[PDB]
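Residue-level structure breakdown
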Amino acid sequence: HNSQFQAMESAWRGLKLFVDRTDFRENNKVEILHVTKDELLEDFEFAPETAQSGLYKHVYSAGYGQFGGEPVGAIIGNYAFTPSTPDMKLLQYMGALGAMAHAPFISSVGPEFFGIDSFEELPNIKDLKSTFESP
Amino acid sequence: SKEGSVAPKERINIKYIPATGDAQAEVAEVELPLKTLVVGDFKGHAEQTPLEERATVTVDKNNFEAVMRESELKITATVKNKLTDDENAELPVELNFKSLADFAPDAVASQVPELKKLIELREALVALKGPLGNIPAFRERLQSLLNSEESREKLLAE
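Rules behind the numbers
- Residues numbered from 1 in each chain as written, not as in the entry; some residues may be left out.
- Chains lettered and ligands numbered in written order.
- Part of a larger assembly, values for the part shown.
- Heavy atoms only, no water.
- Residues with missing side-chain atoms left out of burial classes, pairs and counts.
- Helix = DSSP H or I, 4+ residues; strand = E, 2+ residues; numbered from the N terminus.
- Rg over C-alpha atoms; globule rule 2.2 N^0.38 Å.
- Contact = heavy atoms within 4.5 Å.
- Buried area = accessible area lost by both parts, 1.4 Å probe.
- Polar contact = N/O pair within 3.5 Å; in protein donor to acceptor, adjacent residues only side chain to side chain.
- Nonpolar A, V, L, I, M, F, W, Y, C, P; charged D, E, K, R; others polar.
- Patch = residues over 30% accessible without salt bridge, like charges linked within 9 Å, V, L, I, M, F, W, Y side chains within 5 Å.
- Areas by Shrake-Rupley, 256 points an atom, 1.4 Å probe, with all protein chains shown as cover.
- Salt bridge = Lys/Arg side-chain N within 4 Å of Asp/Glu carboxyl O.
- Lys, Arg positive; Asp, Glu negative; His and termini not counted.
- Charge placed at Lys NZ, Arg CZ, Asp CG, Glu CD.
- Buried < 20%, exposed > 50% of the residue type's maximum accessible area, 1.4 Å probe, protein only.

Method of determination, as annotated in the archive: cryo-EM, at 3.7 Å resolution.

Chain B is annotated in the PDB entry as Type VI secretion protein from Vibrio cholerae. The record for the entry shows the title "Atomic model of the VipA/VipB/Hcp, the type six secretion system non-contractile sheath-tube of Vibrio cholerae from cryo-EM".

Naming follows the PDB entry, where chain A appears as Type VI secretion protein of Vibrio cholerae.

In structure tokens, the structure reads:
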């Protein structure tokens, strides 16, 4: 129940829920990449163009952009997105990566994305359309 | 508004940009509805504009309540006064019609101020009949009002 243990248990036992359900005999493979979420935006700040990034090497060129290599279907983002600038700059650089390798980037928003700071008060929101039209 | 693409090359460069579309606007021979023009005196006067400038309004079942309201059928006439003992009395009225229920005597008498006090008289008498026969102590003080004649007439003017 520690913030170092549980966040590194859910990120790893949740992978086992993705390995146990998917039938690998029926033509399925899954690649596992160790990044951290703060490293990844720096890696898009690393290259001057998204077509020379380090994540572009593992999504496009080591997979899809490769003779005979198996191409990438989707990118599981094991992240907790905020609506801040270091998380809208990442998704701007993941939508452009997803439009090059033809693979949608699936991840999740956090409690703080909706502005509630504790998650079980989500049905108490009586107008969620006006929340998204905030500056 | 730019699709993310790759550098072009001897390999093939698939990109997704949706296309403008081809409609080829389809023929539709709509038919002529049997339009009739109901002509005739529909208000209570003669309008001063000549005929070539006034308009025709289209009425169906859904907008008949709006055509009647915007016509402003204002019927002002002098009718006979039968509210008193006078036979040779007359009493003009003022009518404003906005719905089909305004022809009914609930809304005609509501627009006559001499009849607004008579429905209010009846509404005051229907209000009496409920608590009248339930409490038998009302007739006990009718005889007290039969006894106290001075204080009763001072309160009737109020």
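Along the backbone of chain B there are five helices and two strands. The N-to-C order of helical and strand elements in chain B reads α-β-β-α-α-α-α. Relative to the compact-globule value of 15 Å for 158 residues, chain B shows a C-alpha radius of gyration of 36 Å, a clear excess of over 25%. Dimensions of chain B along its principal axes, counting C-alpha atoms only, are 120 × 50 × 25 Å. In chain B, the proportion of contacts linking residues at least 24 apart, taken out of those at least 6 apart, comes to 28%.

Glancing now at the interface of chain A and chain B. Often the size quoted for an interface is simply the accessible area lost on bringing the parts together. Chain A puts seven residues into the contact, and the matching count from chain B is eight residues. In total, chain A and chain B occlude about 510 Å² of area from one another, counting both sides; carbon and sulfur atoms represent 54% of this. It is A:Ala99, A:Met100 and A:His102 that lose the most area in chain A upon contact with chain B, and together they represent 62% of the buried surface on that side. If you look at where chain A meets chain B, you find two residue pairs in polar contact. In terms of residues, the side of chain A that touches chain B owes the most to one element, helix 3 (residues 55-64) of chain A, which gives three residues. Of the residues contributing to the side of chain A that touches chain B, the split by class is six nonpolar, one polar and no charged.

This next bit is on a negative patch on the surface. Residues and elements named next belong to chain A. A grouping of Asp38, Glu39, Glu42 and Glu45 is seen on the molecular surface, where their side chains present a negatively charged patch. Take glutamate 39: it is sitting in helix 2 (residues 37-46). The partly exposed category is assigned to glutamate 39, whose relative accessible area is 45%.

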